[PDB]
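The sequence shown finishes on residue 341 if you use this note's numbering, and the numbering steps up by one all the way, no holes. All residues carry an ideal CB built from backbone N, CA and C; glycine is no exception.
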Amino acid sequence: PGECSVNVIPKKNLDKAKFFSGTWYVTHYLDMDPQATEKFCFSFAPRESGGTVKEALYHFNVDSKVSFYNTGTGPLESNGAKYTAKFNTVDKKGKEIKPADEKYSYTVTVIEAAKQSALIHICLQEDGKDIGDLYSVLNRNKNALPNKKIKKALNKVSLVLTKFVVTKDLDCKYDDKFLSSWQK
Ligand code: HEM
């Protein structure tokens, strides 16, 4: 039911310093649950050091106008483009307002990255079992379209970009300061 997609392949030789820097916006997303129709905006600031990823996450529920903040931490796989994180909930100033629930995790795979674009996949789990998954197209610019290389990657696993929700058309509110100040 909440089974995560197969054939999610980590990019070979992802440039760590480039990917794990700055702020990424989700320009297009595809939630593999067809009934997940609430509109969201998302941005994050992933960082890596000594084999451990530490990232700040920002969601904005467009339906409800409520934003939420998390931080995630986990080991980067030897392949250098996949990681499984545990997450807490923080407030806008970075202070923990709810501890990590040990029964939850998520696994990020960076499928492709090109110029200012990337394609990632996220598998959400509870007690090590799949509970849902989503593909996201990332860009450094919220208003930009993906590089063709990102399209090729989508096409390799029989996904088409037209199926994705386009976020630039939504009434997104972003907390950019939360992400830009991450680990400063
Ligand atoms: C635009 C793309 C995305 C959409 C539409 C989306 C959608 C959602 C939704 C609907 C929820 C549940 C919210 C609720 O319980 O009210 C959620 C939760 C969550 N998502 Fe996302 N997501 C996106 C991207 C991501 C990414 C890229 C990551 C990881 C890097 C991520 C990690 C999480 C985490 C950690 C939660 C925690 C839920 C909780 O605290 O209960 N999401 N997302």
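The alpha carbon of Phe-335 has as its nearest neighbour, out of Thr-266, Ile-288, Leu-233 and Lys-249, the alpha carbon of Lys-249. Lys-239 is classed as buried because its beta carbon has at least 16 other beta carbons within 10 Å across all chains shown.
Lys-255 and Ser-221 have their alpha carbons spaced roughly 21 Å apart.
Contact annotation: the segment 158-178 touches the segment 276-295, with at least three C-beta pairs closer than 8 Å. In this structure, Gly-251 has its CB at a distance of at least 8 Å from all heavy atoms of the ligand HEM. In the assembly as shown, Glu-212 is a buried residue. Its beta-carbon has 16 or more other beta-carbons within 10 Å. Residue burial is scored here from C-beta neighbours: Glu-269 has at least 16 other C-beta atoms within 10 angstroms and is therefore classed as buried. Here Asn-304 is buried: its Cβ has 16 or more other Cβ atoms, across all protein chains shown, within 10 Å. Here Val-294 is not near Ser-315, since their CB atoms are 9 Å or more apart. An exposed status is given to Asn-300, since fewer than 16 other beta-carbon atoms sit within 10 Å of its beta-carbon.
Boundaries of the alpha helix (DSSP H) harbouring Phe-335: 333-337, taken from the DSSP string.
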